[PDB]
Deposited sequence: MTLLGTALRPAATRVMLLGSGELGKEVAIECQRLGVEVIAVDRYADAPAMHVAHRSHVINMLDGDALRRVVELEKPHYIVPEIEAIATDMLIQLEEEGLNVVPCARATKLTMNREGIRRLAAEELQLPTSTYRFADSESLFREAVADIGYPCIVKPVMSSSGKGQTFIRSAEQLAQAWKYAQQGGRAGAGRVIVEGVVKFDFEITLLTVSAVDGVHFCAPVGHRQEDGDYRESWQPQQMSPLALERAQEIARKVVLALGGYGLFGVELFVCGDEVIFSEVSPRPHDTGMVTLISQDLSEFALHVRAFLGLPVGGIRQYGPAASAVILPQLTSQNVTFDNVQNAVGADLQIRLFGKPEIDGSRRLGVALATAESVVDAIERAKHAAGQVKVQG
């Protein structure tokens, strides 16, 4: 592995497709290695743009626009932060010699639930919830009848809970369908049977030159489409951890390429069920910004540059808690910060230029002698922040 100096002729150039808070940490980690960084998104002054050498604002879903910026900047690596990208062009570029992280195919499979679900369940034969796809309201109903109640419906091209309904009875059928129609490319939906798990985790898995590595299990708490808190490690039986790792290894290798992946699993005692996977750093993994020697972001960077991971140090019980206000402003301020940080307590404020309703503007991080204590410390701190605008 050879790295050049950012801004010099032999520079190593990384292009970030999506410049949110997740990309922001990847940028920092690239910059820490003197890696040249070009941050791209659909809006100006996005978080990652704050710490990049240069930035561009384009239609990331536009394959031509993508090709244009790529031709213009000639990055060595293209690093997507989101699902909503012209994956078809990524494939082209990849063939054209571009390094798409982790790989263009991983990106295509995961931008639509259909690709990923069918691969895991049908091709890989991994355990998953029952599911049915539907592209019409009527077919939607047939699916539900076959799946049974309760069931959850989701748009095939969605994230963060957009257009999702937890269906308990036929009564909600109408609304569920509409709502789901509202979410996406505005068509197709997935109808999944409800898994009743003891708890859920995100197994941060790194595929690198020196193999597949696993971070300690991350537990999380969801609240209406968004993670609210995450913690590590999440206690699990030895058998469950082994099955979890088996599943994650298979999925990442199947998706292919080097990088860190966010493997979402449901745990039922000693049993593990595959949910979905981020072929990149996971929002819940932000706890790793305090709980490990190498964050999930440092890890992704390390893996994709072709460097060996060697190993990951976990410092003990930790948690994250989102700072998720609800307001409309283009000049957000954060007061009472003196009460949100301290011993074994930190915060991150993303620099997002504006908000119009609910938006994750930062995160509180804490360590403690138990996850229970960390979670409370972290929730408390996030809550202390006075968001005004």
Q.
Taking the deposited sequence as numbered from 1, list the residue ranges that were left without C-alpha coordinates.
A. 1, 188-189
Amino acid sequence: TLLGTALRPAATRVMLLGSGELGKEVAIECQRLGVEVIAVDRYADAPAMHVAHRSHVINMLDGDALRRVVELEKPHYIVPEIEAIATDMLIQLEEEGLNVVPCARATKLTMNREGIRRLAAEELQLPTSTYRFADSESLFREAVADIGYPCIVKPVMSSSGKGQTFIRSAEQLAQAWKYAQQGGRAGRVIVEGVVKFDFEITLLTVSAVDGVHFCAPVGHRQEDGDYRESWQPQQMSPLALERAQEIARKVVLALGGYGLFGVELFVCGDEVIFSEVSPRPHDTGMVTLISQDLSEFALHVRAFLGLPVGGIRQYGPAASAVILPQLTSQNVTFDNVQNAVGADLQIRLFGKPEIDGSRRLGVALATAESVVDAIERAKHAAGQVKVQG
From here on, numbers count along this sequence of modelled residues.
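Think of the rigid core as the biggest set of C-alphas that the two forms share within 1.5 Å after superposition.
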Q) Is 197-205 or 173-181 the stretch whose C-alphas end up farther from this model in 6 other deposited structures of this protein after a rigid core fit? A) 173-181
Q. Checking the other PDB entries with both flanking residues built, is residue 267 absent in a third or more?
A. no
Q.
For the other entries of this protein included in the comparison (both sides of the residue modelled), is residue 126 absent in a third of them or more?
A. no
Q) Which is higher in the entry, the mean Cα B factor of 3-11 or that of 380-388? A) 380-388
**Q.** Stretch exceeding the other in mean C-alpha B-factor - 55-63, 360-368
**A.** 55-63
Q | Residue selected from 80, 233, 285, 238 by maximal Cα B factor | A | 238
Q | Selection from 205, 295, 164, 169 [criterion: highest C-alpha temperature factor in the record] | A | 169
Q: Going by the recorded CA B-factors, say which third of the chain residue 325 sits in, lowest, middle or highest.
A: highest
Q) Which third of the chain holds residue 31 when residues are ordered by C-alpha B factor: lowest, middle or highest? A) lowest
(Q) Please say which third, lowest, middle or highest, residue 314 falls into when its CA temperature factor is compared across its chain. (A) lowest
Q. Where does residue 185 sit by CA temperature factor within its chain: lowest, middle or highest third?
A. highest
Q: Please rank the C-alpha B-factors of the chain's modelled residues and tell me whether residue 176 sits in the lowest, middle or highest third.
A: highest
